[PDB]
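Everything on this sheet refers to the single structure shown next.
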Amino acid sequence: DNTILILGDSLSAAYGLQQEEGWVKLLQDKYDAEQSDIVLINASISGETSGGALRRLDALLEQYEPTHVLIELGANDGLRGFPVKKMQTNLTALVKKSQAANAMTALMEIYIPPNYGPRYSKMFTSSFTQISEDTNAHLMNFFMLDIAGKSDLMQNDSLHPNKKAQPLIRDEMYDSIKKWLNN
């Protein structure tokens with residue numbers, strides 16, 4: 001039983017693509033073809049924030065009783081310049097609710113452009129390390145780091161990865177998930 005609830009935003013919800021082209025579904029295809037027992041449940045919603053997810057999580061945990069929760073949230077809070085202290089409170093509560101439901105929890109590190117200056121971007125990214133220290137959630141590398149500088153992998157809007165990016169993200173997530181579940 002390695003059932004992983006993916007609590008993400010547009011970076012995991014196949015924004016601008018068909019759901020079947022998105023990395024979560026491509027990653028399940030890979031698992032299915034390699035005799036894995038991992039099952040991904042995608043609960044990602046485009047535009048989701050840390051506080052919006054917090055309002056949904058109790059119901060998702062009751063619904064699926066996942067053994068693992070992988071959080072990929074906060075980019076929308078940071079793009080909007082929301083206070084990092086409040087995002088940190090919200091993400092910590094997400095982790096603690098997941099752990100209280102017996103789910104092993106991972107948190108993806110997120111990076112944002114300096115739309116509110118470099119110091120806010122550092123405050124924002126460092127908060128994920130602080131939540132991991134506070135909760136013991138497993139920190140995951142941001143899969144966009146090696147994608148966002150490649151224009152052939154990004155949609156016209158320069159924000160969302162395109163269809164070509166999805167197999168690449170699938171392979172980074174295969175590796176990050178494998179390291180977590182051996183970790």
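Residues in the structure tokens are named by chain (A, B, ... in the order shown) and by number from 1 within that chain; ligands are numbered from 1 in the order shown.
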For segment 22-100 of chain A against segment 6-17 of chain A, with a cut-off of 6 Å and counting only C-alpha atoms, what is the closest atom pair and its distance in Å to one decimal for every residue that makes the cut, ordered by chain and number, as JSON lines?
{"residue": "A:22", "atom": "CA", "partner": "A:14", "partner_atom": "CA", "distance": 4.8}
{"residue": "A:41", "atom": "CA", "partner": "A:6", "partner_atom": "CA", "distance": 5.9}
{"residue": "A:42", "atom": "CA", "partner": "A:6", "partner_atom": "CA", "distance": 4.9}
{"residue": "A:43", "atom": "CA", "partner": "A:7", "partner_atom": "CA", "distance": 5.2}
{"residue": "A:44", "atom": "CA", "partner": "A:8", "partner_atom": "CA", "distance": 4.1}
{"residue": "A:45", "atom": "CA", "partner": "A:9", "partner_atom": "CA", "distance": 4.9}
{"residue": "A:46", "atom": "CA", "partner": "A:10", "partner_atom": "CA", "distance": 3.9}
{"residue": "A:47", "atom": "CA", "partner": "A:9", "partner_atom": "CA", "distance": 5.9}
{"residue": "A:48", "atom": "CA", "partner": "A:9", "partner_atom": "CA", "distance": 5.1}
{"residue": "A:70", "atom": "CA", "partner": "A:6", "partner_atom": "CA", "distance": 5.0}
{"residue": "A:71", "atom": "CA", "partner": "A:7", "partner_atom": "CA", "distance": 4.9}
{"residue": "A:72", "atom": "CA", "partner": "A:8", "partner_atom": "CA", "distance": 4.4}
{"residue": "A:73", "atom": "CA", "partner": "A:8", "partner_atom": "CA", "distance": 5.5}
Could those selected residues go to a file with N, CA, C and O atoms, as a JSON list (two decimals), in the first residue's frame?
[["chain", "number", "residue", "atom", "x", "y", "z"],
["A", 22, "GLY", "N", -0.87, 14.93, -18.60],
["A", 22, "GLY", "CA", -0.19, 15.46, -17.42],
["A", 22, "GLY", "C", 0.72, 14.45, -16.76],
["A", 22, "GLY", "O", 0.53, 13.23, -16.84],
["A", 41, "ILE", "N", -3.31, 9.59, -6.34],
["A", 41, "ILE", "CA", -4.66, 10.18, -6.38],
["A", 41, "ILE", "C", -4.44, 11.66, -6.56],
["A", 41, "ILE", "O", -3.90, 12.33, -5.68],
["A", 42, "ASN", "N", -4.82, 12.20, -7.69],
["A", 42, "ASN", "CA", -4.58, 13.61, -7.96],
["A", 42, "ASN", "C", -5.72, 14.47, -7.40],
["A", 42, "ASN", "O", -6.85, 14.34, -7.80],
["A", 43, "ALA", "N", -5.43, 15.29, -6.40],
["A", 43, "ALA", "CA", -6.35, 16.24, -5.84],
["A", 43, "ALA", "C", -5.91, 17.63, -6.12],
["A", 43, "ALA", "O", -6.23, 18.54, -5.36],
["A", 44, "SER", "N", -5.18, 17.85, -7.19],
["A", 44, "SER", "CA", -4.67, 19.20, -7.52],
["A", 44, "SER", "C", -5.76, 20.04, -8.15],
["A", 44, "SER", "O", -6.60, 19.52, -8.90],
["A", 45, "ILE", "N", -5.72, 21.34, -7.90],
["A", 45, "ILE", "CA", -6.69, 22.26, -8.49],
["A", 45, "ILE", "C", -5.93, 23.51, -8.95],
["A", 45, "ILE", "O", -5.13, 24.07, -8.17],
["A", 46, "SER", "N", -6.09, 23.92, -10.20],
["A", 46, "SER", "CA", -5.47, 25.13, -10.67],
["A", 46, "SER", "C", -5.87, 26.33, -9.83],
["A", 46, "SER", "O", -7.04, 26.53, -9.51],
["A", 47, "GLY", "N", -4.87, 27.12, -9.49],
["A", 47, "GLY", "CA", -5.07, 28.32, -8.69],
["A", 47, "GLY", "C", -5.14, 28.04, -7.19],
["A", 47, "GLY", "O", -5.31, 28.96, -6.41],
["A", 48, "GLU", "N", -4.98, 26.79, -6.76],
["A", 48, "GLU", "CA", -5.10, 26.50, -5.33],
["A", 48, "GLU", "C", -4.02, 27.19, -4.50],
["A", 48, "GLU", "O", -2.88, 27.30, -4.93],
["A", 70, "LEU", "N", 1.43, 14.12, -0.59],
["A", 70, "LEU", "CA", 2.51, 14.93, -1.21],
["A", 70, "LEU", "C", 1.94, 16.27, -1.53],
["A", 70, "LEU", "O", 1.05, 16.40, -2.39],
["A", 71, "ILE", "N", 2.41, 17.29, -0.80],
["A", 71, "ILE", "CA", 1.95, 18.68, -0.95],
["A", 71, "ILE", "C", 2.80, 19.42, -1.96],
["A", 71, "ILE", "O", 4.04, 19.42, -1.84],
["A", 72, "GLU", "N", 2.17, 20.01, -2.98],
["A", 72, "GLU", "CA", 2.87, 20.89, -3.94],
["A", 72, "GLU", "C", 2.04, 22.15, -4.02],
["A", 72, "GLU", "O", 1.21, 22.34, -4.93],
["A", 73, "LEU", "N", 2.22, 23.02, -3.02],
["A", 73, "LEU", "CA", 1.41, 24.22, -2.85],
["A", 73, "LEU", "C", 2.25, 25.36, -2.35],
["A", 73, "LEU", "O", 3.28, 25.20, -1.68]]
Which residues in segment 90-143 of chain A does DSSP call strand (DSSP E)? List them as a VMD selection string. chain A and resid 104 to 108 138 to 140
Would you mind listing what lies within 12 Å of residue 114 of chain A as a PyMOL selection string, with only C-alpha atoms counted and same-chain residues fewer than 2 positions away left out? chain A and resi 78-81+111-112+116-125
Using only C-alpha atoms, the best pick from A:74, A:58, A:23, A:90 as closest to residue 162 of chain A would be A:23
Alpha helix (DSSP H) positions in segment 39-170 of chain A, given as a PyMOL selection string: chain A and resi 50-64+75-79+84-100+118-135+165-170
For residue 52 of chain A, the nearest of the candidates A:38, A:87, A:105, A:27, counting only C-alpha atoms: A:87
Near residue 177 of chain A, within 12 Å and counting only C-alpha atoms, which residues show up once chain neighbours fewer than 2 positions away are dropped, as an mmCIF file with N, CA, C and O atoms, in the first residue's frame?
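Listed below is the output, result04.cif:
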data_model
loop_
_atom_site.group_PDB
_atom_site.id
_atom_site.type_symbol
_atom_site.label_atom_id
_atom_site.label_comp_id
_atom_site.auth_asym_id
_atom_site.auth_seq_id
_atom_site.Cartn_x
_atom_site.Cartn_y
_atom_site.Cartn_z
ATOM 1 N N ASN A 2 1.059 1.855 -1.162
ATOM 2 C CA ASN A 2 1.633 3.132 -1.272
ATOM 3 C C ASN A 2 0.687 3.941 -2.076
ATOM 4 O O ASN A 2 0.903 4.143 -3.270
ATOM 5 N N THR A 3 -0.306 4.477 -1.395
ATOM 6 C CA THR A 3 -1.295 5.320 -2.046
ATOM 7 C C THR A 3 -0.985 6.773 -1.675
ATOM 8 O O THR A 3 -1.086 7.158 -0.471
ATOM 9 N N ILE A 4 -0.710 7.564 -2.680
ATOM 10 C CA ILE A 4 -0.203 8.932 -2.465
ATOM 11 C C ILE A 4 -1.233 9.926 -2.955
ATOM 12 O O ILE A 4 -1.538 9.961 -4.141
ATOM 13 N N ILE A 6 -1.919 13.517 -4.040
ATOM 14 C CA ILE A 6 -1.146 14.643 -4.605
ATOM 15 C C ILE A 6 -1.985 15.894 -4.372
ATOM 16 O O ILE A 6 -3.042 16.055 -5.028
ATOM 17 N N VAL A 24 1.089 13.482 -13.757
ATOM 18 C CA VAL A 24 0.584 12.533 -12.761
ATOM 19 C C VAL A 24 0.077 11.279 -13.477
ATOM 20 O O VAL A 24 0.419 10.169 -13.104
ATOM 21 N N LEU A 27 2.967 9.375 -14.914
ATOM 22 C CA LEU A 27 3.668 8.658 -13.873
ATOM 23 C C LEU A 27 2.905 7.395 -13.455
ATOM 24 O O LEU A 27 3.500 6.320 -13.278
ATOM 25 N N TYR A 31 4.289 3.516 -13.488
ATOM 26 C CA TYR A 31 4.114 2.559 -12.403
ATOM 27 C C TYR A 31 3.403 1.292 -12.897
ATOM 28 O O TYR A 31 3.808 0.186 -12.516
ATOM 29 N N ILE A 38 2.524 1.548 -6.358
ATOM 30 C CA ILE A 38 2.183 2.935 -6.018
ATOM 31 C C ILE A 38 0.937 3.347 -6.799
ATOM 32 O O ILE A 38 0.799 3.129 -7.996
ATOM 33 N N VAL A 39 -0.002 3.986 -6.082
ATOM 34 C CA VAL A 39 -1.207 4.560 -6.714
ATOM 35 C C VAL A 39 -1.235 6.031 -6.377
ATOM 36 O O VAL A 39 -1.205 6.408 -5.211
ATOM 37 N N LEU A 40 -1.326 6.860 -7.394
ATOM 38 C CA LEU A 40 -1.451 8.319 -7.214
ATOM 39 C C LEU A 40 -2.898 8.744 -7.273
ATOM 40 O O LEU A 40 -3.639 8.296 -8.147
ATOM 41 N N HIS A 68 0.018 8.191 2.223
ATOM 42 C CA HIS A 68 1.015 9.222 1.953
ATOM 43 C C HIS A 68 0.319 10.429 1.373
ATOM 44 O O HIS A 68 -0.660 10.302 0.613
ATOM 45 N N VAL A 69 0.821 11.612 1.709
ATOM 46 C CA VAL A 69 0.316 12.884 1.135
ATOM 47 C C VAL A 69 1.504 13.658 0.634
ATOM 48 O O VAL A 69 2.481 13.830 1.386
ATOM 49 N N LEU A 70 1.433 14.118 -0.591
ATOM 50 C CA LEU A 70 2.512 14.927 -1.214
ATOM 51 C C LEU A 70 1.939 16.274 -1.530
ATOM 52 O O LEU A 70 1.054 16.404 -2.386
ATOM 53 N N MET A 104 2.123 9.451 5.912
ATOM 54 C CA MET A 104 3.476 9.972 5.740
ATOM 55 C C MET A 104 3.403 11.177 4.782
ATOM 56 O O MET A 104 2.791 11.043 3.687
ATOM 57 N N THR A 105 4.021 12.287 5.137
ATOM 58 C CA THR A 105 3.770 13.523 4.402
ATOM 59 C C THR A 105 5.043 14.078 3.826
ATOM 60 O O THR A 105 6.087 14.143 4.529
ATOM 61 N N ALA A 106 4.984 14.519 2.573
ATOM 62 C CA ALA A 106 6.083 15.225 1.899
ATOM 63 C C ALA A 106 5.599 16.566 1.490
ATOM 64 O O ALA A 106 4.403 16.783 1.199
ATOM 65 N N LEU A 107 6.535 17.511 1.443
ATOM 66 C CA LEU A 107 6.304 18.887 1.069
ATOM 67 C C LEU A 107 7.296 19.266 -0.009
ATOM 68 O O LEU A 107 8.502 19.186 0.236
ATOM 69 N N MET A 108 6.824 19.708 -1.158
ATOM 70 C CA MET A 108 7.749 20.174 -2.202
ATOM 71 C C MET A 108 8.199 21.598 -1.941
ATOM 72 O O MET A 108 7.368 22.499 -1.686
ATOM 73 N N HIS A 138 8.876 15.295 4.787
ATOM 74 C CA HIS A 138 9.953 15.018 3.836
ATOM 75 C C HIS A 138 10.016 16.144 2.793
ATOM 76 O O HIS A 138 8.994 16.320 2.080
ATOM 77 N N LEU A 139 11.112 16.810 2.592
ATOM 78 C CA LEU A 139 11.177 17.862 1.567
ATOM 79 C C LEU A 139 11.597 17.274 0.218
ATOM 80 O O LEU A 139 12.472 16.425 0.098
ATOM 81 N N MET A 140 10.896 17.713 -0.811
ATOM 82 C CA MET A 140 11.128 17.297 -2.179
ATOM 83 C C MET A 140 11.684 18.441 -3.012
ATOM 84 O O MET A 140 11.214 19.597 -2.876
ATOM 85 N N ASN A 141 12.597 18.173 -3.919
ATOM 86 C CA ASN A 141 13.091 19.171 -4.859
ATOM 87 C C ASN A 141 11.962 19.703 -5.786
ATOM 88 O O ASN A 141 11.090 18.937 -6.173
ATOM 89 N N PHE A 143 10.240 20.430 -9.005
ATOM 90 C CA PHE A 143 10.434 19.885 -10.348
ATOM 91 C C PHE A 143 10.501 20.916 -11.427
ATOM 92 O O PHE A 143 10.945 20.595 -12.531
ATOM 93 N N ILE A 169 8.935 15.969 -16.165
ATOM 94 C CA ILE A 169 8.477 16.089 -14.782
ATOM 95 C C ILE A 169 8.134 14.679 -14.222
ATOM 96 O O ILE A 169 8.489 14.390 -13.078
ATOM 97 N N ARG A 170 7.510 13.805 -15.032
ATOM 98 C CA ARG A 170 7.210 12.442 -14.607
ATOM 99 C C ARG A 170 8.494 11.807 -14.123
ATOM 100 O O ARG A 170 8.491 11.174 -13.051
ATOM 101 N N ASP A 171 9.582 11.939 -14.873
ATOM 102 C CA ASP A 171 10.786 11.225 -14.476
ATOM 103 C C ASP A 171 11.420 11.822 -13.220
ATOM 104 O O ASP A 171 11.934 11.102 -12.345
ATOM 105 N N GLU A 172 11.356 13.151 -13.030
ATOM 106 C CA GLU A 172 11.847 13.736 -11.783
ATOM 107 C C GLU A 172 11.005 13.323 -10.585
ATOM 108 O O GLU A 172 11.482 13.170 -9.464
ATOM 109 N N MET A 173 9.703 13.180 -10.814
ATOM 110 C CA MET A 173 8.838 12.781 -9.724
ATOM 111 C C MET A 173 8.959 11.293 -9.408
ATOM 112 O O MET A 173 8.876 10.915 -8.242
ATOM 113 N N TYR A 174 9.185 10.471 -10.433
ATOM 114 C CA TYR A 174 9.475 9.058 -10.159
ATOM 115 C C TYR A 174 10.665 8.955 -9.214
ATOM 116 O O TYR A 174 10.667 8.211 -8.253
ATOM 117 N N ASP A 175 11.718 9.736 -9.518
ATOM 118 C CA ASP A 175 12.927 9.654 -8.719
ATOM 119 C C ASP A 175 12.716 10.240 -7.322
ATOM 120 O O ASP A 175 13.134 9.649 -6.332
ATOM 121 N N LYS A 179 12.930 8.034 -3.835
ATOM 122 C CA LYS A 179 13.830 8.390 -2.729
ATOM 123 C C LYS A 179 13.055 8.616 -1.451
ATOM 124 O O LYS A 179 13.533 8.203 -0.404
ATOM 125 N N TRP A 180 11.881 9.231 -1.521
ATOM 126 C CA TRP A 180 11.079 9.387 -0.314
ATOM 127 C C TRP A 180 10.685 8.069 0.296
ATOM 128 O O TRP A 180 10.823 7.841 1.502
ATOM 129 N N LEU A 181 10.188 7.128 -0.521
ATOM 130 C CA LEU A 181 9.635 5.892 0.025
ATOM 131 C C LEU A 181 10.713 4.891 0.418
ATOM 132 O O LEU A 181 10.421 3.853 1.056
ATOM 133 N N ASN A 182 11.937 5.159 -0.014
ATOM 134 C CA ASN A 182 13.065 4.427 0.545
ATOM 135 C C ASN A 182 13.553 5.248 1.776
ATOM 136 O O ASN A 182 14.245 4.698 2.642
ATOM 137 N N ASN A 183 13.307 6.569 1.808
ATOM 138 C CA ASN A 183 13.749 7.419 2.919
ATOM 139 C C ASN A 183 12.940 7.207 4.204
ATOM 140 O O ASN A 183 13.312 7.754 5.255
#
Residues within 9 Å of residue 57 of chain A, only C-alpha atoms, excluding chain neighbours under 5 positions, as a ChimeraX atom specification: /A:7,62,94,97-98
